[PDB]
Protein chains: 12
Amino acid sequence: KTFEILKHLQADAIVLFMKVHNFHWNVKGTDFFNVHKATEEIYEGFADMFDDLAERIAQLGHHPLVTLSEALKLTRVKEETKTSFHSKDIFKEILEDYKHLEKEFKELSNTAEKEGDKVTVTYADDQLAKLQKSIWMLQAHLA
Amino acid sequence: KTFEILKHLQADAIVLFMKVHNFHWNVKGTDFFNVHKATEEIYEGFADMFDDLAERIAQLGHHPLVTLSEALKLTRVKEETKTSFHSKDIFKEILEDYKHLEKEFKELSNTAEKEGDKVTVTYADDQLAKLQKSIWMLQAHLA
Amino acid sequence: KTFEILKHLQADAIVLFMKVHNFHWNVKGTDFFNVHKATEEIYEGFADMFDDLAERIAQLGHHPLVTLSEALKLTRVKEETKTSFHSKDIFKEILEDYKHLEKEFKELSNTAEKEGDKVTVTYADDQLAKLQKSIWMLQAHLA
Amino acid sequence: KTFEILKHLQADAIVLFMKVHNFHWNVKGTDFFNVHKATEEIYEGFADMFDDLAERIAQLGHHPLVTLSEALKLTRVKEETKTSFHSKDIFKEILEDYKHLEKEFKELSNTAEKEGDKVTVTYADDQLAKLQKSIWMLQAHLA
Amino acid sequence: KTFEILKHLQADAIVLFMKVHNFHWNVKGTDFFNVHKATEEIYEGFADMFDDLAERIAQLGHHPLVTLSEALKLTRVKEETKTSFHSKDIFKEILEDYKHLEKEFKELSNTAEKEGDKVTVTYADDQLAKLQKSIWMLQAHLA
Amino acid sequence: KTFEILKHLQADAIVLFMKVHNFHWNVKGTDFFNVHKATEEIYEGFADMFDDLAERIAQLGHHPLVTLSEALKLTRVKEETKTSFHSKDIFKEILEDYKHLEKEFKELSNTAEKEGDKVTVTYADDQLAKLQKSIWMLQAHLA
Amino acid sequence: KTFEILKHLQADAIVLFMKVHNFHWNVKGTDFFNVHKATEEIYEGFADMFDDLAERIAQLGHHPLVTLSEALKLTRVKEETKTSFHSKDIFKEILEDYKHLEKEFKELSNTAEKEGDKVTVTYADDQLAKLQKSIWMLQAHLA
Amino acid sequence: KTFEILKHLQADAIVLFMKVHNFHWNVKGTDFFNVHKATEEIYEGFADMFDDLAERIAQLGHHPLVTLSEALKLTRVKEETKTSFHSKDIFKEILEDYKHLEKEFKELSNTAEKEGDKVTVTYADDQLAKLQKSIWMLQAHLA
Amino acid sequence: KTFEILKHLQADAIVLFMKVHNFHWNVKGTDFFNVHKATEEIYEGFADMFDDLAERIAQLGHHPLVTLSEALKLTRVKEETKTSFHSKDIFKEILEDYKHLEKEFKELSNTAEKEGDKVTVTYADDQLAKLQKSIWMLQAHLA
Amino acid sequence: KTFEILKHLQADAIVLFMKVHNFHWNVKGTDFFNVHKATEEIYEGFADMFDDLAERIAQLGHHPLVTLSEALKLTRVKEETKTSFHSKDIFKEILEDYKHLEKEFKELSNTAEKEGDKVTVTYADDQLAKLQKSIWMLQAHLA
Amino acid sequence: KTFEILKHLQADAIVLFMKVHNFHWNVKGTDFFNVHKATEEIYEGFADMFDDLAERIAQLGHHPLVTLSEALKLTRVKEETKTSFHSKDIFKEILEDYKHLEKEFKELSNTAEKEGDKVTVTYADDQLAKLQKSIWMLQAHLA
Amino acid sequence: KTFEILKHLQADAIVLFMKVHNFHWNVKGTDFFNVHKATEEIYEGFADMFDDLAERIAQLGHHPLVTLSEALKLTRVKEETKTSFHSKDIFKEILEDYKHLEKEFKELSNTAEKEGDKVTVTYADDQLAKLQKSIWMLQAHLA
Ligand SMILES: [Zn+2]
Ligand SMILES: [Zn+2]
Ligand SMILES: [Zn+2]
Ligand SMILES: [Zn+2]
Ligand SMILES: [Zn+2]
Ligand SMILES: [Zn+2]
Ligand SMILES: [Zn+2]
Ligand SMILES: [Zn+2]
Ligand SMILES: [Zn+2]
Ligand SMILES: [Zn+2]
Ligand SMILES: [Zn+2]
Ligand SMILES: [Zn+2]
Ligand SMILES: [Zn+2]
Ligand SMILES: [Zn+2]
Ligand SMILES: [Zn+2]
Ligand SMILES: [Zn+2]
Ligand SMILES: [Zn+2]
Ligand SMILES: [Zn+2]
Ligand SMILES: [Zn+2]
Ligand SMILES: [Zn+2]
Ligand SMILES: [Zn+2]
Ligand SMILES: [Zn+2]
Ligand SMILES: [Zn+2]
Ligand SMILES: [Zn+2]
Ligand SMILES: [Zn+2]
Ligand SMILES: [Zn+2]
Ligand SMILES: [Zn+2]
Ligand SMILES: [Zn+2]
Ligand SMILES: [Zn+2]
Ligand SMILES: [Zn+2]
Ligand SMILES: [Zn+2]
Ligand SMILES: [Zn+2]
Ligand SMILES: [Zn+2]
Ligand SMILES: [Zn+2]
Ligand SMILES: [Zn+2]
Ligand SMILES: [Zn+2]
Ligand SMILES: [Zn+2]
Ligand SMILES: [Zn+2]
Ligand SMILES: [Zn+2]
Ligand SMILES: [Zn+2]
Ligand SMILES: [Zn+2]
Ligand SMILES: [Zn+2]
Ligand SMILES: [Zn+2]
Ligand SMILES: [Zn+2]
Ligand SMILES: [Zn+2]
Ligand SMILES: [Zn+2]
Ligand SMILES: [Zn+2]
Ligand SMILES: [Zn+2]
Ligand SMILES: [Zn+2]
Ligand SMILES: [Zn+2]
Ligand SMILES: [Zn+2]
Ligand SMILES: [Zn+2]
Ligand SMILES: [Zn+2]
Ligand SMILES: [Zn+2]
Ligand SMILES: [Zn+2]
Ligand SMILES: [Zn+2]
Ligand SMILES: [Zn+2]
Ligand SMILES: [Zn+2]
Ligand SMILES: [Zn+2]
Ligand SMILES: [Zn+2]
Ligand SMILES: [Zn+2]
Ligand SMILES: [Zn+2]
Ligand SMILES: [Zn+2]
Ligand SMILES: [Zn+2]
Ligand SMILES: [Zn+2]
Ligand SMILES: [Zn+2]
Ligand SMILES: [Zn+2]
Ligand SMILES: [Zn+2]
Ligand SMILES: [Zn+2]
Ligand SMILES: [Zn+2]
Ligand SMILES: [Zn+2]
Ligand SMILES: [Zn+2]
Ligand SMILES: [Zn+2]
Ligand SMILES: [Zn+2]
Ligand SMILES: [Zn+2]
Ligand SMILES: [Zn+2]
């Protein structure tokens with residue numbers, strides 16, 4: 001179900017909002033400003049994704065999740081308890097989670113096509129476009 | 001300890017970030033736009049508070065919390081599982097949590113004065129100023 | 001035919017442009033500013049929809065409609081002759097007409113997919129996205 | 001009566017809003033961009049005139065017209081059913097309708113002076129100023 | 001005399017500047033933000049009216065009033081000592097005072113026409129335009 | 001005749017454009033910046049007045065003047081051949097020429113009322129408003 | 001009591017709002033623009049101070065003053081009935097009243113520290129900062 | 001293959017970037033400014049298309065082309081060696097090349113649907129939308 | 001002498017300021033807007049050139065000209081008494097006068113190099129750059 | 001000949017436009033964003049240089065080059081076929097090509113001085129200024 | 001004494017203004033842009049600190065220092081004569097000097113509390129806030 | 001040598017940066033704001049001149065000066081130890097130092113022409129242009 005994948009993704013969005021703030025505060029190295037500013041852009045993107053997924057859920061006549069509790073329960077994103085990083089470790093982690101979201105947005109898109117929910121398709125394909133652009137850029141950082 | 005109160009408040013900030021999004025999505029009544037836009041301003045404020053508290057913690061040589069897990073563990077904010085509200089219920093809840101943050105920022109301020117951490121004082125008094133302005137406005141909504 | 005639905009929708013757009021101005025001028029109640037400003041945003045949206053539908057028609061090698069006469073002839077939107085409203089009546093009427101446009105944009109989208117007119121699809125799905133967001137918000141006003 | 005002329009003019013404004021969109025979509029010749037952009041400015045002006053006339057009517061304790069139906073009934077503007085133009089034909093038509101509005105705004109102004117409605121006078125003289133500037137520019141196009 | 005009415009109006013402007021701040025601080029109800037922001041726009045308008053009337057007086061070779069003392073002495077506006085309101089009470093009061101200013105600006109306009117002071121006429125008619133727009137909007141709030 | 005006064009004023013506008021540039025370049029004293037910047041605002045105003053008067057003339061079916069030659073022939077403004085000033089001398093000269101334009105705009109306004117040219121009236125009264133504001137400010141400089 | 005000093009200062013703010021407008025309209029000399037613009041900045045500052053003091057009072061659970069009447073009753077600011085000034089006289093008067101506000105903001109700050117009202121302290125110290133900057137600048141004008 | 005069509009289009013984009021600059025520099029006639037500015041907008045669009053196609057190629061794990069050499073080798077766009085034009089000749093040429101890109105973007109879109117590359121579809125349909133709008137406008141210039 | 005050429009050019013600048021306004025008001029044809037706006041840019045350029053030449057003269061210890069009288073006396077620009085034009089006639093005239101200014105700025109530049117006035121050289125070469133760009137564009141209009 | 005060097009440089013500009021896009025897409029390493037953004041600024045500079053050189057050529061009565069074909073024929077810039085880089089390799093390549101352009105702009109400048117083409121001199125010296133600033137910055141990257 | 005510490009800090013501010021420009025010009029490595037831009041932000045901050053400290057001194061009735069001579073005499077900042085750096089060396093040096101300013105601003109703050117100079121306290125605590133944020137960021141660069 | 005004069009001028013720039021701040025803080029008289037703001041513009045100009053001269057030095061393969069120490073050693077600018085001024089004294093001092101910089105920029109320009117350093121010439125002539133404009137304005141203040 002479309003709204004089930006939406007909920008799952010909403011859960012990842014708020015979890016990544018937090019995870020990315022970790023990287024924002026705890027990066028080390030002459031790389032600090034760039035990663036500090038870039039992580040800020042990343043978590044702000046995730047705050048919007050969170051809101052947008054929730055609002056698609058509501059639009060669709062269902063209930064978005066409303067507690068951090070359900071988010072942790074529905075997410076497939078590993079929270080990061082460590083508190084120190086080189087930029088390369090941050091990019092590897094973010095890349096991993098991006099590849100996860102990419103897979104899921106594809107699923108979201110495929111599922112919504114099947115159920116004749118075209119709006120959810122164009123939302124999912126728009127997010128895929130962004131994820132694939134970032135995936136490429138992150139791959140290029142790490143190469 | 002100053003950094004202990006900071007951590008506690010950081011936990012409330014991310015919890016209220018979520019709680020306020022609930023109110024953002026699930027308000028009902030001819031009041032919808034105003035509460036939808038106002039809650040958006042409120043949660044954006046909480047996103048900044050979260051970041052700022054975390055960054056004061058780091059500055060002070062300690063570790064801010066880095067998971068939703070610790071946040072739920074350290075918060076004194078009740079998450080809201082209900083998914084429908086009149087504006088009056090939203091304002092009552094927000095008011096309650098504001099009164100909670102007000103008390104704690106006072107504590108933060110008092111404690112930091114004692115430990116000779118003046119920066120943390122001016123941060124705490126700046127946040128008090130905002131909380132007391134909102135507390136007054138919310139009291140005026142409900143009267 | 002794609003261009004036939006386009007024409008129909010173009011007719012509704014100019015009719016709603018007028019209808020919404022009625023609500024803009026004739027709302028009553030302590031609700032006045034909010035509804036006055038919101039209706040202004042709504043009719044400005046409809047002015048753009050009108051222009052865009054007409055311009056898709058032209059692009060497609062056909063003729064958009066060019067008189068209020070044809071608009072009244074092609075529309076399924078009831079004009080509103082009454083000249084006084086509470087905000088709730090305005091929202092109910094706007095909701096009704098929105099549900100009408102939603103149905104038709106779905107048709108437009110489905111029909112254009114069939115005829116291999118992909119541009120018209122992405123236009124129709126973009127408008128659906130907006131209509132479904134407003135439909136949800138209006139449902140929330142009225143609940 | 002002042003409000004009677006206001007209503008008449010309100011009817012012309014919405015009719016010209018449509019008529020001018022015709023010219024916007026259906027101009028032909030190496031003149032296309034200039035006329036396309038200029039007609040867009042013209043119809044946006046007419047959308048404001050429409051709103052302003054309606055709002056003067058309301059202010060004056062009367063009811064502006066609220067349907068395209070009454071507009072077609074009250075207008076002295078010929079709708080244009082043709083769907084192809086050279087720029088010269090567009091300017092001739094617009095000039096004609098401008099000369100019509102000029103005459104009527106003079107009447108509006110004279111009538112409002114008589115009835116001691118000074119606000120309506122300053123509104124009418126402001127619109128005359130604009131019409132006479134455009135009339136001159138259009139005469140210069142055609143010369 | 002033109003300058004006598006100017007002085008009277010200048011006195012009302014500063015008195016309403018204060019009166020409107022009362023409403024700004026002391027409104028109660030789920031209406032709070034809207035009335036708080038709208039009253040702020042209203043008193044800022046009155047601050048400009050005050051300055052403009054004073055400056056017309058100076059231009060005309062006379063002396064505007066320069067103390068709150070003369071203002072209270074020359075005003076026909078009742079100061080409001082009460083410190084709590086519903087929005088409806090605020091709108092009724094503002095409406096009353098608006099109707100008062102409307103009457104006086106008409107007088108100002110008529111008197112200035114007689115004395116051949118055309119500048120003061122166009123100033124008075126510009127203010128009438130604004131007062132009549134607000135009077136209509138306030139009537140619509142209360143209906 | 002309205003257009004005759006317009007032409008006369010157009011001639012003064014271009015003459016004052018030049019005269020004011022003299023003051024702009026040739027002021028002396030610790031007053032230099034203020035007078036340099038203020039004269040720049042003054043001549044830019046005169047450049048617009050020039051254009052606007054010319055364009056009213058054209059609108060009215062007549063020909064504005066098109067050479068400096070006719071301007072010098074039609075102006076009642078004394079050109080200034082001297083090349084050094086204290087600010088007080090500049091203000092006295094500008095004041096004189098302002099009083100001249102004020103008189104003429106009154107004439108323009110009166111004459112246009114008589115001939116039923118309302119647009120030219122509202123133009124003349126708008127310029128009077130500006131001239132009387134500047135006249136007051138200049139009187140205040142010199143007092 | 002903190003709120004008692006707040007009220008007193010609120011009274012001075014509205015009185016200085018008026019007093020400063022006097023100086024704004026009635027300054028004489030080649031100094032006119034600078035003093036006209038500077039007084040405009042000064043009274044706009046006082047309008048904000050007025051609003052802010054009133055709003056601190058409300059926040060604190062008390063009632064700000066709501067009439068010009070109480071303002072004149074609570075102020076220690078002498079109103080200025082004279083209607084003509086050299087810039088030096090304006091600066092001397094403003095300086096005097098500034099020194100008065102400086103003393104009182106110190107009192108406000110000291111008193112609020114005692115009562116544990118930290119928000120009011122940071123407000124009072126912020127205003128002191130501004131007053132001491134202006135006091136220095138005004139002393140420099142007069143030296 | 002999707003990436004093969006992308007590469008082809010990337011080649012056309014840089015070739016049209018140049019071709020359009022030819023028209024930019026070498027248009028003749030009283031049409032000069034309009035065509036000079038419009039061609040500037042057109043080539044800036046092509047510079048972005050070039051970059052975007054290249055970046056989609058990279059995202060997709062392939063290599064965009066990196067020399068003018070490959071571009072000339074992969075393009076189906078005829079370079080223009082002539083150095084003088086009337087606007088009509090420029091529009092005919094641009095129209096031709098647009099019709100070419102339209103065909104190819106359709107192919108791109110169809111092919112990407114087949115291979116399950118949804119991002120490339122939404123990119124191709126977005127570009128089609130723009131090409132069909134320009135095709136219509138250019139047809140209207142030439143009619 | 002450098003300052004002699006400066007004065008000559010200053011005279012042409014104010015004469016062209018007027019001449020170009022003629023073209024601004026009196027162009028005829030479907031070309032009207034473009035020429036109306038372009039002439040406005042041209043005369044605004046000439047107003048700046050005028051001011052800049054005058055200010056270079058002053059800088060150099062000499063006196064710029066301060067009357068329209070000297071301008072007409074020092075200019076080699078023919079004033080235009082005719083009051084109706086096709087765009088082609090306007091461009092031919094402007095081109096002629098441009099070729100004149102180009103020649104003179106070359107002279108200015110050469111002369112200033114000789115006298116070791118480098119500032120005047122860089123001013124003259126900057127103006128040449130602009131004149132040669134416009135000369136090319138005007139040649140392209142007329143071809 | 002001046003125009004011969006201009007043409008040569010125009011050829012390098014479009015070749016570097018492409019070459020720099022290579023570096024834009026194909027940089028690898030934790031350096032990615034900085035080099036991605038900086039290369040974007042560099043190629044945008046080259047797009048302007050290209051246009052400006054072409055337009056100087058036209059101004060000078062000659063024909064700029066109008067095909068990628070002539071560009072490859074006239075350039076002394078080696079195209080880069082490789083598709084992967086560390087930032088250091090990108091900077092070395094860009095530095096090399098910069099040193100090439102620097103030499104040529106000197107030649108351009110010297111040659112134009114000889115032929116009395118001062119405009120082309122000030123253009124060449126302006127570009128030298130930029131090239132020498134970038135050369136220094138690039139040397140500093142590599143040191 | 002408060003003003004003695006102010007003077008000392010003023011001396012460091014201008015010395016660091018220079019020192020930081022050294023780092024701005026003489027950094028080496030693929031780090032160049034980031035350090036070049038960041039040092040520019042740092043020295044601009046120091047220019048403001050310098051001005052603000054000087055202006056607090058003046059406000060307090062004392063004399064800020066007015067020569068580079070006294071600055072070198074009063075500073076505890078070592079000037080840097082070396083002319084080449086890796087970014088790590090720049091950050092270590094800046095960190096050292098920051099730790100120095102932090103200590104001194106604490107002293108300033110403590111001393112001003114003692115002397116009842118609250119304005120100087122809030123200034124000192126504001127600067128501490130900034131220094132501690134930068135100290136943390138610099139520590140993070142170097143870790 | 002070009003770089004020797006550059007260094008000398010760099011030394012004056014930082015010395016004048018300080019000297020001008022003296023005038024900024026210590027001007028007395030009803031002239032205070034104007035001189036306070038103007039000196040702020042002047043020292044900000046000198047901060048840029050300083051940076052630009054240093055960066056030309058680096059570009060040229062030499063080392064700009066990096067301590068206040070060398071600046072005081074290389075400058076021909078007298079530092080000002082006095083701490084109180086009338087505006088006339090400030091303008092006389094600034095004028096003197098300007099005349100000094102003018103002479104030196106001429107030398108810089110002449111020397112750079114000789115050594116074939118054209119970039120340094122265009123930099124020197126640009127600064128001369130500014131110095132001669134300010135010299136004229138300052139002469140006009142003092143006359
Ligand atoms: Zn941060
Ligand atoms: Zn951001
Ligand atoms: Zn939302
Ligand atoms: Zn997931
Ligand atoms: Zn750690
Ligand atoms: Zn490490
Ligand atoms: Zn929303
Ligand atoms: Zn927001
Ligand atoms: Zn942060
Ligand atoms: Zn808590
Ligand atoms: Zn529900
Ligand atoms: Zn309910
Ligand atoms: Zn309205
Ligand atoms: Zn709007
Ligand atoms: Zn359109
Ligand atoms: Zn329909
Ligand atoms: Zn009714
Ligand atoms: Zn009702
Ligand atoms: Zn889309
Ligand atoms: Zn369009
Ligand atoms: Zn528009
Ligand atoms: Zn409206
Ligand atoms: Zn009519
Ligand atoms: Zn047709
Ligand atoms: Zn035709
Ligand atoms: Zn008016
Ligand atoms: Zn407020
Ligand atoms: Zn406001
Ligand atoms: Zn004022
Ligand atoms: Zn009254
Ligand atoms: Zn109460
Ligand atoms: Zn109640
Ligand atoms: Zn100037
Ligand atoms: Zn200006
Ligand atoms: Zn004009
Ligand atoms: Zn006259
Ligand atoms: Zn002289
Ligand atoms: Zn004198
Ligand atoms: Zn004013
Ligand atoms: Zn202001
Ligand atoms: Zn307020
Ligand atoms: Zn007091
Ligand atoms: Zn008097
Ligand atoms: Zn006096
Ligand atoms: Zn161009
Ligand atoms: Zn552009
Ligand atoms: Zn790119
Ligand atoms: Zn192709
Ligand atoms: Zn040719
Ligand atoms: Zn031809
Ligand atoms: Zn115009
Ligand atoms: Zn313009
Ligand atoms: Zn000037
Ligand atoms: Zn000449
Ligand atoms: Zn004629
Ligand atoms: Zn003709
Ligand atoms: Zn990119
Ligand atoms: Zn860019
Ligand atoms: Zn171009
Ligand atoms: Zn080359
Ligand atoms: Zn590869
Ligand atoms: Zn590698
Ligand atoms: Zn730099
Ligand atoms: Zn900066
Ligand atoms: Zn300062
Ligand atoms: Zn120190
Ligand atoms: Zn070295
Ligand atoms: Zn190294
Ligand atoms: Zn603070
Ligand atoms: Zn200052
Ligand atoms: Zn500044
Ligand atoms: Zn720099
Ligand atoms: Zn020197
Ligand atoms: Zn002293
Ligand atoms: Zn003195
Ligand atoms: Zn230059």
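Order of the sequence lines sets the chain letters (A, B, ...), proteins ahead of strands, with each chain counted from 1. Each ligand, and each atom within it, is numbered from 1 in the order the structure gives.
- Using a cut-off of 2.8 Å, one finds that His21(E) contributes no N/O/S atom close to the Zn ion (ligand 41).
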Report the C-alpha distance between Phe50(C) and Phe17(C) in whole Å, list the side-chain angles of each, state the deciding distance to 0.1 Å, and finish with yes or no for ring-ring contact (aromatic ring centres under 6.0 Å, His included).
CA-CA 9 Å; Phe50(C) 181 68; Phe17(C) 183 71; 7.9 Å; no
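- A side-chain hydrogen bond (donor to acceptor under 3.5 Å, both in side chains) with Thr120(C) is found for exactly one of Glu115(C), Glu113(C), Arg56(C), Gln59(C), namely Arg56(C).
- The NE2 atom of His100(C), the Zn ion (ligand 16) and the OE1 atom of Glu104(C) define an angle of 120° (nearest 10 degrees).
- Contact annotation: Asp52(G) places no N, O or S atom under 2.8 Å from the Zn ion (ligand 41).
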Using the salt bridge (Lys or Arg N to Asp or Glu O under 4.0 Å) rule, take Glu93(C) and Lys78(C) through it: C-alpha gap first, then chi angles, then the decisive distance, then the call.
CA-CA 10 Å; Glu93(C) 270 205 66; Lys78(C) 256 283 93 166; over 6 Å; no
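- Between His8(C) atom NE2 and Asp12(C) atom OD2, the angle centred on the Zn ion (ligand 16) amounts to 100° (nearest 10°).
- By the 4.0 Å N-to-carboxylate-O rule, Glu96(C) lies too far from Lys92(C) to be salt-bridged with it.
- The minimum distance between the Zn ion (ligand 41) and any N, O or S atom of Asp51(G) involves atom OD2.
- With the Zn ion (ligand 41) as the vertex, atom OE2 of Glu55(G) and atom NE2 of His24(E) span an angle of 90° (nearest 10 degrees).
- Pairing each heavy atom of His63(C) with each of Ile57(C), the nearest pair is C-CG2, 3.4 Å.
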